[PDB]
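> Just need the structure, nothing else, for what follows:
(chains A and B)
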There are 2 protein chains.
Amino acid sequence: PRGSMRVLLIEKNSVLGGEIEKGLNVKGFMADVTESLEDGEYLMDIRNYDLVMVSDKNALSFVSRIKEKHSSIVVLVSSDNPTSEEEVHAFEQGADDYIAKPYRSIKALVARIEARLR
Amino acid sequence: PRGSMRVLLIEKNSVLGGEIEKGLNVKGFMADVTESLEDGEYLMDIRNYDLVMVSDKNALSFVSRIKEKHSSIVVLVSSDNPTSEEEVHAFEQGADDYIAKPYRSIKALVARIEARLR
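Numbering: from 1, shown residues only, chains lettered A, B, ... in the order given. Here you go, the structure:
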């Protein structure tokens, strides 16, 4: 069902965030892009999202806050400086995925998001 | 609970497969390594696994066969030649994850497997 799923994208790079939103639209998803993690966290309180993908320096504390407050929301952490240490932490904090940036492709990223909502 | 989860690893590289088994053992998981996809598929019929990770050229048809026969088993596809096209296909075929080789680390791979069984 078209527009039945809404995705929040916390992403500083507006061009990239636009490309992901357009890709998600292809599969019938609604998506909001924000460059601000504080904005994103607030949005989750006033709108109902099914999934959030966050790229931010302080992503990990955010993961835990959302997992506690909004337990059924799928959380994907994406990082331009991926490390083994941060991957382990993200999963231990309850993230549903950890994705290195840059992405393989918009289509591959969308397929993964699709799967995470399956 | 120790040994309550069993993982099948289809992996041609015996040294790498050993390293993953040892890593999984750290978290209380049992793991069987096989270098043969036909062997692995057969094992799934005679033993009860919770998760299979497969690196093989013919992984994608296998994904669909297992998803149809053994629907609750988590399936992770790992590839030494990752492409956008094959990632999309793996997810569309019902894989729970698609992981590029080489791995970030054994600990990061184990954390991901842990999460996929959560």
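> contacts and neighbour counts: CA atoms only from here.
Will do.
> what helix or strand is the most centrally placed residue in chain A on?
Relative to the mean C-alpha position of chain A, the nearest C-alpha, by C-alpha atoms, centre = their mean, is the one of residue A:53, at 0.6 Å. Using DSSP states H and E, residue A:53 falls within strand A:51-54.
> follow-up on the earlier one: if you skip the residues just before and after it, what's nearest to the residue nearest to the centre of chain A?
Residue nearest to residue A:53 in three dimensions, not counting chain neighbours: residue A:76, with 4.6 Å by C-alpha to C-alpha, 6 or more residues apart in numbering or on different chains.
> what helix or strand does the one you found sit in?
Secondary structure from DSSP H and E places residue A:76 in strand A:74-79.
> again with residue A:19
Secondary structure assigned from DSSP H and E places residue A:19 in helix A:14-26.
> go on, residue A:42?
Per DSSP H and E: residue A:42 is located in helix A:37-46.
> on contacts alone, who are the packing partners of that helix?
Applying 3 or more C-alpha pairs under 8 Å, 6 or more residues apart in numbering or on different chains; DSSP states H and E, one finds that helix A:37-46 contacts strand A:6-10.
> Parallel or antiparallel, which strands does the strand it packs on pair with?
Note on strand A:6-10: by DSSP bridges, its sheet partners are strand A:30-34 (parallel), strand A:51-54 (parallel).
> Centre of the chain to the first one, how far?
The chain centroid and the centroid of strand A:30-34 are separated by 10 Å under C-alpha atoms, centre = their mean, to the nearest Å.
> Not counting residues beside it along the chain, what's closest to residue A:33?
Residue A:33 sits nearest to residue A:9 (C-alpha to C-alpha, 6+ apart), 4.7 Å away.
> any idea how far chain B is from the one you found?
20 Å (C-alpha to the nearest C-alpha, to the nearest Å).
> right, so the strands paired with strand A:6-10: which one is the most enclosed?
Stretch with highest mean neighbour count among these: strand A:51-54 (a mean of 24; mean count of other C-alpha atoms under 10 Å in any protein chain shown).
> Counting neighbours, which bits of the helix or strand following it end up buried?
Going down the chain from strand A:51-54, the next helix or strand is helix A:59-69, by DSSP H and E. Going by neighbour count (16 or more other C-alpha atoms under 10 Å in any protein chain shown), the buried part of helix A:59-69 is A:59-60, A:62-64, A:66-67.
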